[PDB]
$ cat data-v2.txt   # compact mmCIF, C-alpha atoms
# COMPACT_ATOMS: atom_id res chain seq x y z
CA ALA A 1 79.26 63.43 146.05
CA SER A 2 81.77 66.26 146.76
CA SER A 3 81.23 68.58 149.72
CA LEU A 4 82.44 72.03 150.85
CA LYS A 5 83.47 72.22 154.49
CA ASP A 6 84.79 74.96 156.78
CA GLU A 7 87.98 76.97 156.28
CA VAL A 8 91.19 75.01 157.00
CA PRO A 9 92.61 76.51 160.19
CA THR A 10 96.08 77.96 160.79
CA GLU A 11 98.19 76.81 163.71
CA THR A 12 100.71 79.17 165.24
CA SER A 13 103.61 76.94 166.16
CA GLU A 14 106.52 77.80 168.41
CA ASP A 15 108.39 74.72 167.14
CA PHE A 16 108.69 75.73 163.48
CA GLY A 17 110.75 78.40 161.82
CA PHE A 18 113.02 79.37 158.96
CA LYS A 19 116.59 80.58 159.47
CA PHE A 20 117.75 82.87 156.65
CA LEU A 21 121.11 81.50 155.67
CA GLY A 22 121.85 83.93 152.79
CA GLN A 23 121.17 85.25 149.28
CA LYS A 24 123.18 86.09 146.16
CA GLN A 25 122.71 86.51 142.42
CA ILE A 26 124.34 83.45 140.94
CA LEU A 27 122.90 83.66 137.43
CA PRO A 28 121.59 86.29 135.00
CA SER A 29 118.05 87.68 135.40
CA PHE A 30 115.07 87.04 133.12
CA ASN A 31 114.36 90.80 133.31
CA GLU A 32 110.67 89.93 133.81
CA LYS A 33 110.44 88.00 130.56
CA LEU A 34 110.09 84.33 131.65
CA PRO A 35 109.11 81.33 129.48
CA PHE A 36 105.32 80.92 129.75
CA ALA A 37 105.42 77.49 131.39
CA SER A 38 105.77 76.14 134.84
CA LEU A 39 109.46 76.39 135.61
CA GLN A 40 111.57 73.96 137.58
CA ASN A 41 114.95 75.45 137.06
CA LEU A 42 116.90 74.16 140.06
CA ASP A 43 117.73 70.66 141.25
CA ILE A 44 120.11 69.21 143.81
CA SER A 45 121.65 65.80 144.06
CA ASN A 46 122.72 65.04 147.59
CA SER A 47 124.47 61.80 146.56
CA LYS A 48 126.65 63.43 143.94
CA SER A 49 126.87 66.72 145.87
CA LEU A 50 125.91 68.74 142.76
CA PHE A 51 123.32 71.28 141.52
CA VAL A 52 121.89 72.31 138.19
CA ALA A 53 120.26 75.67 137.75
CA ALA A 54 119.09 77.75 134.84
CA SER A 55 118.16 81.46 134.73
CA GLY A 56 118.16 84.09 132.01
CA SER A 57 119.22 81.71 129.20
CA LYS A 58 122.28 80.40 131.12
CA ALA A 59 122.20 76.81 132.42
CA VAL A 60 124.87 75.47 134.84
CA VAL A 61 125.99 72.34 136.65
CA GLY A 62 128.18 73.03 139.76
CA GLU A 63 129.55 71.74 143.10
CA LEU A 64 127.01 71.88 145.96
CA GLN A 65 129.48 72.58 148.81
CA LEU A 66 130.68 75.51 146.69
CA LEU A 67 127.23 76.99 146.24
CA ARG A 68 126.49 76.61 149.94
CA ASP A 69 129.76 78.34 150.88
CA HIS A 70 129.33 81.09 148.28
CA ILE A 71 125.88 81.97 149.63
CA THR A 72 126.59 81.69 153.38
CA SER A 73 130.10 83.19 153.56
CA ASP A 74 131.54 86.16 151.63
CA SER A 75 134.92 84.64 150.76
CA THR A 76 134.37 81.91 148.12
CA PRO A 77 133.54 82.78 144.48
CA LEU A 78 131.06 80.73 142.45
CA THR A 79 132.70 78.66 139.75
CA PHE A 80 130.94 75.89 137.70
CA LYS A 81 131.75 72.47 136.25
CA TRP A 82 129.77 73.03 133.06
CA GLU A 83 127.68 75.76 131.42
CA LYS A 84 125.73 76.40 128.25
CA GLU A 85 123.58 79.20 126.92
CA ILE A 86 120.09 77.73 126.41
CA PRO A 87 117.29 80.31 125.95
CA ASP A 88 114.00 78.67 126.94
CA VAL A 89 114.59 76.32 129.86
CA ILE A 90 111.72 75.21 132.05
CA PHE A 91 113.02 72.00 133.57
CA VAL A 92 116.28 70.79 135.03
CA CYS A 93 117.01 67.60 137.02
CA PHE A 94 119.43 64.78 137.90
CA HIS A 95 118.69 61.26 136.66
CA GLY A 96 121.15 58.43 137.13
CA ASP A 97 124.47 59.74 135.85
CA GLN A 98 122.83 62.39 133.65
CA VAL A 99 121.21 65.79 133.83
CA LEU A 100 118.02 66.37 131.92
CA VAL A 101 117.33 69.84 130.57
CA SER A 102 114.09 70.74 128.87
CA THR A 103 112.94 73.80 127.01
CA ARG A 104 109.38 74.18 125.78
CA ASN A 105 110.32 72.53 122.47
CA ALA A 106 112.97 69.88 123.21
CA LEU A 107 114.55 67.69 125.92
CA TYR A 108 118.34 67.43 126.39
CA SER A 109 120.81 65.20 128.20
CA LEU A 110 124.20 66.05 129.67
CA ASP A 111 126.45 63.15 130.54
CA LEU A 112 127.89 63.80 134.00
CA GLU A 113 130.94 61.66 133.38
CA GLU A 114 131.72 63.05 129.91
CA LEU A 115 130.58 66.68 130.11
CA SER A 116 131.41 67.17 126.41
CA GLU A 117 128.22 65.30 125.47
CA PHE A 118 125.14 67.47 125.32
CA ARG A 119 122.60 65.41 123.41
CA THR A 120 119.11 66.08 122.13
CA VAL A 121 116.85 63.42 123.61
CA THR A 122 113.74 64.40 121.72
CA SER A 123 111.54 67.14 120.29
CA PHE A 124 107.89 67.66 121.17
CA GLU A 125 105.19 67.87 118.48
CA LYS A 126 103.68 70.73 120.56
CA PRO A 127 105.08 73.15 123.25
CA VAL A 128 105.15 71.78 126.79
CA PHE A 129 103.84 73.37 130.03
CA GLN A 130 105.02 70.92 132.69
CA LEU A 131 107.38 68.00 133.19
CA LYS A 132 107.85 65.69 136.12
CA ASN A 133 110.39 62.96 136.49
CA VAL A 134 109.36 59.97 138.59
CA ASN A 135 111.68 57.02 138.06
CA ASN A 136 112.83 56.27 134.55
CA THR A 137 109.93 58.16 133.11
CA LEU A 138 109.12 61.77 132.25
CA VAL A 139 105.54 62.83 132.61
CA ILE A 140 104.72 65.64 130.22
CA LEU A 141 101.84 68.08 130.01
CA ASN A 142 101.22 69.53 126.56
CA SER A 143 100.18 73.00 125.35
CA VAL A 144 97.15 71.24 123.85
CA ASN A 145 96.29 69.66 127.23
CA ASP A 146 97.66 66.17 126.47
CA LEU A 147 99.24 64.23 129.35
CA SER A 148 101.94 61.88 128.03
CA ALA A 149 104.69 59.55 129.27
CA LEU A 150 108.28 59.30 128.03
CA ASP A 151 110.28 56.21 128.95
CA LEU A 152 113.86 57.34 129.41
CA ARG A 153 115.32 53.86 128.82
CA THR A 154 113.57 53.15 125.46
CA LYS A 155 112.65 56.69 124.22
CA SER A 156 109.04 55.57 123.41
CA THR A 157 105.95 57.64 124.34
CA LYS A 158 102.56 56.63 125.84
CA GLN A 159 99.41 58.81 126.03
CA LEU A 160 98.06 59.03 129.58
CA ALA A 161 95.17 61.50 129.65
CA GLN A 162 93.48 64.44 127.96
CA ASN A 163 91.99 67.83 128.86
CA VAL A 164 94.41 68.13 131.78
CA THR A 165 95.41 71.60 133.04
CA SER A 166 97.55 70.49 135.96
CA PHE A 167 99.02 67.21 137.11
CA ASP A 168 101.20 65.92 139.94
CA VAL A 169 103.05 62.62 140.53
CA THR A 170 104.72 60.77 143.32
CA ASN A 171 106.39 57.38 143.21
CA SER A 172 102.97 55.71 143.54
CA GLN A 173 100.23 58.22 142.64
CA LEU A 174 99.20 60.45 139.69
CA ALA A 175 96.69 63.27 140.13
CA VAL A 176 95.02 65.20 137.31
CA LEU A 177 93.04 68.49 137.25
CA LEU A 178 90.71 68.73 134.25
CA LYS A 179 89.26 71.65 132.20
CA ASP A 180 85.77 70.97 133.59
CA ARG A 181 87.43 71.48 137.01
CA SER A 182 87.07 67.86 138.04
CA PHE A 183 89.75 65.68 139.62
CA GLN A 184 91.17 62.24 138.96
CA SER A 185 93.62 60.11 140.86
CA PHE A 186 95.43 56.97 139.77
CA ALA A 187 97.63 54.36 141.31
CA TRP A 188 100.98 54.76 139.53
CA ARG A 189 103.69 52.10 138.89
CA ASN A 190 106.52 52.67 136.37
CA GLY A 191 104.43 54.09 133.47
CA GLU A 192 101.35 52.06 134.41
CA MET A 193 98.18 53.37 136.06
CA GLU A 194 94.82 52.34 137.46
CA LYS A 195 92.00 54.75 138.40
CA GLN A 196 91.85 55.08 142.18
CA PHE A 197 89.04 57.64 142.51
CA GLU A 198 87.30 60.54 140.74
CA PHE A 199 85.33 63.63 141.73
CA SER A 200 83.73 66.92 140.66
CA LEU A 201 83.57 70.32 142.35
CA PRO A 202 81.22 70.88 145.30
CA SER A 203 77.94 72.60 144.42
CA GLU A 204 78.91 75.82 146.21
CA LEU A 205 82.16 75.95 144.23
CA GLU A 206 80.59 75.46 140.80
CA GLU A 207 78.83 78.76 141.63
CA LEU A 208 82.19 80.49 140.86
CA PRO A 209 82.28 80.83 137.05
CA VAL A 210 84.99 78.82 135.22
CA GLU A 211 86.18 82.02 133.50
CA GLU A 212 86.87 83.80 136.82
CA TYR A 213 88.13 80.70 138.66
CA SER A 214 89.92 78.57 136.14
CA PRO A 215 91.61 75.28 137.00
CA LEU A 216 95.24 76.25 137.70
CA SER A 217 97.01 73.66 139.84
CA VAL A 218 97.07 70.32 141.72
CA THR A 219 99.52 69.06 144.29
CA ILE A 220 99.52 65.69 146.00
CA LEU A 221 100.21 66.33 149.69
CA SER A 222 99.48 62.73 150.71
CA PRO A 223 97.73 59.77 149.02
CA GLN A 224 94.51 61.31 150.48
CA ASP A 225 95.03 65.11 150.36
CA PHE A 226 95.39 67.50 147.45
CA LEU A 227 95.88 71.23 147.16
CA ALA A 228 94.06 72.85 144.23
CA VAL A 229 94.09 76.39 142.93
CA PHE A 230 91.55 78.27 140.83
CA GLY A 231 91.95 81.79 139.50
CA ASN A 232 92.00 84.12 136.53
CA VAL A 233 93.51 82.93 133.26
CA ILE A 234 96.66 84.84 132.33
CA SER A 235 97.88 85.73 128.79
CA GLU A 236 101.34 84.97 127.28
CA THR A 237 101.99 88.69 126.61
CA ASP A 238 100.50 91.33 128.91
CA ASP A 239 102.44 94.22 130.45
CA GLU A 240 100.29 94.72 133.60
CA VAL A 241 99.30 91.87 135.97
CA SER A 242 97.19 91.09 139.05
CA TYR A 243 96.40 87.56 140.33
CA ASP A 244 93.13 86.50 141.91
CA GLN A 245 93.25 82.94 143.25
CA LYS A 246 91.42 80.53 145.54
CA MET A 247 93.19 77.64 147.26
CA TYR A 248 91.50 74.49 148.48
CA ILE A 249 92.68 71.52 150.47
CA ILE A 250 90.86 68.41 149.32
CA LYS A 251 90.84 65.49 151.78
CA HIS A 252 89.29 62.40 150.25
CA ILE A 253 87.72 60.12 152.89
CA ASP A 254 85.88 56.99 151.69
CA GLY A 255 84.41 57.83 148.25
CA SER A 256 83.78 61.50 149.17
CA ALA A 257 86.07 64.49 148.76
CA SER A 258 85.83 67.48 151.08
CA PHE A 259 87.06 70.88 149.96
CA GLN A 260 88.23 73.56 152.39
CA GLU A 261 89.51 77.09 151.67
CA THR A 262 92.79 78.64 152.72
CA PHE A 263 93.81 82.21 152.47
CA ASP A 264 97.16 81.33 154.06
CA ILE A 265 98.91 79.24 151.45
CA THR A 266 100.95 81.28 149.00
CA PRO A 267 98.83 84.45 148.60
CA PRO A 268 99.17 85.59 144.95
CA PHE A 269 100.52 89.16 145.18
CA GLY A 270 102.93 88.57 142.30
CA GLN A 271 103.55 91.28 139.67
CA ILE A 272 105.47 89.35 136.99
CA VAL A 273 103.63 87.40 134.28
CA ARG A 274 103.97 83.78 135.27
CA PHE A 275 102.39 80.53 134.35
CA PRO A 276 100.65 79.13 137.47
CA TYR A 277 102.67 76.46 139.25
CA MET A 278 102.94 75.28 142.84
CA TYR A 279 106.43 74.40 144.14
CA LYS A 280 106.54 71.52 146.63
CA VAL A 281 109.32 70.12 148.78
CA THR A 282 108.60 67.18 151.06
CA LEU A 283 110.38 66.58 154.38
CA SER A 284 109.08 63.24 155.69
CA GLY A 285 109.89 62.71 159.36
CA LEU A 286 110.38 66.36 160.34
CA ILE A 287 107.70 65.83 163.05
CA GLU A 288 106.75 62.07 163.26
CA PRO A 289 106.48 58.59 161.46
CA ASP A 290 103.36 59.29 159.27
CA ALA A 291 104.11 63.04 159.14
CA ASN A 292 105.66 64.79 156.21
CA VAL A 293 105.98 68.54 156.28
CA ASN A 294 105.49 70.14 152.86
CA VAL A 295 107.12 73.45 152.08
CA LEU A 296 105.17 75.33 149.42
CA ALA A 297 105.86 78.28 147.15
CA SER A 298 104.23 79.67 144.08
CA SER A 299 105.15 81.23 140.74
CA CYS A 300 102.58 83.91 141.67
CA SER A 301 103.70 84.72 145.19
CA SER A 302 106.65 85.79 147.34
CA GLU A 303 105.59 83.78 150.34
CA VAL A 304 106.61 80.33 151.45
CA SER A 305 104.04 78.22 153.32
CA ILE A 306 104.21 75.17 155.55
CA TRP A 307 101.70 72.29 155.50
CA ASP A 308 102.08 69.75 158.35
CA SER A 309 99.78 67.02 156.87
CA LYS A 310 96.61 68.34 158.57
CA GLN A 311 96.77 72.16 158.67
CA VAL A 312 98.79 75.25 157.71
CA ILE A 313 101.47 76.37 160.14
CA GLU A 314 102.62 79.89 160.78
CA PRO A 315 105.78 80.37 162.85
CA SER A 316 105.18 82.45 166.00
CA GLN A 317 107.50 85.29 164.96
CA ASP A 318 108.12 87.33 161.79
CA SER A 319 111.88 86.68 161.42
CA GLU A 320 111.07 82.94 161.11
CA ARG A 321 109.07 83.22 157.85
CA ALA A 322 110.63 82.35 154.50
CA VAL A 323 109.86 85.05 151.97
CA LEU A 324 111.56 85.86 148.63
CA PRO A 325 113.20 89.28 148.32
CA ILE A 326 112.00 92.49 146.67
CA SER A 327 114.14 93.29 143.59
CA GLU A 328 116.96 95.79 144.16
CA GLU A 329 116.49 96.87 140.52
CA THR A 330 112.72 97.02 139.90
CA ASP A 331 111.47 97.21 143.50
CA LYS A 332 108.96 94.51 142.48
CA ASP A 333 108.36 91.27 144.37
CA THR A 334 110.25 88.26 143.07
CA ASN A 335 108.95 84.67 142.72
CA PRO A 336 110.67 81.24 142.57
CA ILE A 337 111.65 79.57 139.32
CA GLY A 338 113.10 76.52 141.13
CA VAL A 339 113.22 74.96 144.63
CA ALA A 340 115.37 72.12 145.97
CA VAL A 341 116.55 70.39 149.17
CA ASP A 342 120.07 70.10 150.53
CA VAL A 343 120.78 67.55 153.23
CA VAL A 344 124.54 66.88 152.87
CA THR A 345 126.63 70.13 153.02
CA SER A 346 128.39 71.38 156.21
CA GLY A 347 128.58 74.75 157.90
CA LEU A 362 118.04 70.88 159.65
CA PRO A 363 117.24 70.39 155.94
CA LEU A 364 118.08 73.32 153.67
CA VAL A 365 115.69 74.70 151.09
CA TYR A 366 117.37 76.42 148.13
CA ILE A 367 115.09 78.83 146.24
CA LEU A 368 115.89 80.40 142.82
CA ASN A 369 114.45 83.81 141.65
CA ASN A 370 113.12 85.20 138.41
CA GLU A 371 116.33 87.23 138.75
CA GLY A 372 118.91 84.43 139.09
CA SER A 373 119.17 85.12 142.80
CA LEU A 374 119.41 82.11 145.09
CA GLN A 375 118.27 82.01 148.68
CA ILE A 376 119.16 79.36 151.30
CA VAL A 377 116.68 78.88 154.13
CA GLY A 378 117.09 76.37 156.96
CA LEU A 379 113.81 75.00 158.30
CA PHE A 380 114.19 74.16 161.97
CA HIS A 381 112.52 71.77 164.46
$ encode --input "data-v2.txt" --output "structure tokens"
Amino acid sequence: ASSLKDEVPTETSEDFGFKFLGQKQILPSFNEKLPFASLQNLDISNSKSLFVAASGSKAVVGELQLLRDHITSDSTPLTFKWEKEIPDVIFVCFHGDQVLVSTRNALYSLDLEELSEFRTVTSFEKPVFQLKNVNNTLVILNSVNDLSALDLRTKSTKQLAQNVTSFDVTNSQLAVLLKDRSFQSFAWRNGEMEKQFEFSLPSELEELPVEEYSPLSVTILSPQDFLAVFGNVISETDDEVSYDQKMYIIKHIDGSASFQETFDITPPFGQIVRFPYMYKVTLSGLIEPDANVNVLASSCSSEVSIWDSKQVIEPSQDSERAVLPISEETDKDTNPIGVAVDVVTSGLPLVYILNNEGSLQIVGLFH
């Protein structure tokens, strides 16, 4: 049923580029010891004009205009509204008038109107790898490969799926990557789901042994496309590290998925031990009415890619590529631990990217 097609091609575009707005250490470094989970340690609320960020055991909520000005000029110091030392944070995000903070072992709430209140929401029976917030629900992937749903209004928990190694959600879809390397997609509506479609790997891809090319990651790019990654399985504690990964764009047309390789999305040259996770920011309407540009980055890479809905886009010149810095301390490549979009500050949408070293980069994506 599933087929392997030709390499996805790369367009050189003279209409796309990044403008490097600036970079500064705003939080303490992880010194190369990061929590073995997918990390989402930066969020931005354009309505409130605020950000949360967590690096090196320090979590903060702060004013967005301040962070912008701190990074882009050299005259305004970074102060915060709230801060707390929390060791193992993997997830940070605004929800209503609250900020959710999650470690591997527990979820926490900070009340944005009474900052004195830092509540435990819940504990997890087993360590967690990934969390996504959709509306009033938190979708949680377990260390035992159990996909579950937390209602934020009622605190009750549903069991969604099993044997999952990666998942992704939008407002209306839920995708799942399984241990057997098969895929599943569901229509999603406020905790509720109905199987949309299902597929296995193409014959020529099963040829690659599961042990060498393990299921690492899914990303919904559109209701029809996915981006999947397969690669070596990495251990919680290992000093030395090399990543070997294969990326595929899956377009599902009429009961048949096609897979296609890229070598141009997020090449995994990383040298810090990281749990595999694909960062995605969506800018709908940056080209046209059914066209959302997706900016992509990886826990295992220093490069930032662009997907235009149909192919990968390289800017026509080297100053126009978004890349995360080499460390001034270790001389190693850094990777993102959070990514977020700023639409409201004053001086194109602005992509904020947070390091494994607490450094934050602002990059304007133009035309």
$ residues_around --input "data-v2.txt" --residues "segment 72-86 of chain A" --least-positions-apart "4" --cutoff "8 Å" --atoms "all atoms listed in the file" --output "PyMOL selection string"
chain A and resi 21-23+26+57-63+66-68+115
$ residues_around --input "data-v2.txt" --residues "segment 88-90 of chain A" --least-positions-apart "4" --cutoff "6 Å" --atoms "only C-alpha atoms" --output "list in words"
residues 39, 40, 41, 102 and 103 of chain A
$ closest_residue --input "data-v2.txt" --among "A:313, A:322, A:138, A:101" --to "residue 15 of chain A" --atoms "only C-alpha atoms"
A:313
$ residues_near_point --input "data-v2.txt" --point "(87.1, 53.8, 146.0)" --cutoff "7 Å" --atoms "all atoms listed in the file" --output "list in words"
residues 196, 197, 254 and 255 of chain A
$ atom_distance --input "data-v2.txt" --atom1 "atom CA of residue 377 of chain A" --atom2 "atom CA of residue 334 of chain A"
15.9 Å
$ atom_distance --input "data-v2.txt" --atom1 "atom CA of residue 16 of chain A" --atom2 "atom CA of residue 265 of chain A"
15.9 Å
$ closest_residue --input "data-v2.txt" --among "A:122, A:106, A:321, A:286" --to "residue 154 of chain A" --atoms "all atoms listed in the file"
A:122
$ closest_residue --input "data-v2.txt" --among "A:267, A:252, A:52, A:195" --to "residue 231 of chain A" --atoms "all atoms listed in the file"
A:267
$ residues_around --input "data-v2.txt" --residues "residue 28 of chain A" --least-positions-apart "2" --cutoff "12 Å" --atoms "all atoms listed in the file" --output "PyMOL selection string"
chain A and resi 24-26+30-32+53-60+85+87+368-374
$ atom_distance --input "data-v2.txt" --atom1 "atom CA of residue 183 of chain A" --atom2 "atom CA of residue 251 of chain A"
12.2 Å
$ closest_residue --input "data-v2.txt" --among "A:124, A:20, A:269, A:380" --to "residue 332 of chain A" --atoms "only C-alpha atoms"
A:269
$ closest_residue --input "data-v2.txt" --among "A:301, A:133, A:219, A:316" --to "residue 245 of chain A" --atoms "all atoms listed in the file"
A:301
$ closest_residue --input "data-v2.txt" --among "A:292, A:120, A:166, A:271" --to "residue 33 of chain A" --atoms "all atoms listed in the file"
A:271
$ residues_around --input "data-v2.txt" --residues "residue 239 of chain A" --least-positions-apart "2" --cutoff "8 Å" --atoms "all atoms listed in the file" --output "number ranges by chain"
A: 237, 241, 273
$ residues_around --input "data-v2.txt" --residues "residue 163 of chain A" --least-positions-apart "6" --cutoff "6 Å" --atoms "only C-alpha atoms" --output "ChimeraX atom specification"
/A:145,178-179
$ closest_atom_pairs --input "data-v2.txt" --of "segment 209-288 of chain A" --to "segment 171-174 of chain A" --cutoff "10 Å" --atoms "only C-alpha atoms" --output "Markdown table"
| residue | atom | partner | partner_atom | distance |
| --- | --- | --- | --- | --- |
| A:219 | CA | A:174 | CA | 9.8 |
| A:220 | CA | A:174 | CA | 8.2 |
| A:222 | CA | A:173 | CA | 9.3 |
| A:223 | CA | A:173 | CA | 7.0 |
$ residues_near_point --input "data-v2.txt" --point "(102.3, 87.9, 139.7)" --cutoff "10 Å" --atoms "only C-alpha atoms" --output "number ranges by chain"
A: 234, 240-244, 268-276, 298-302, 332-335
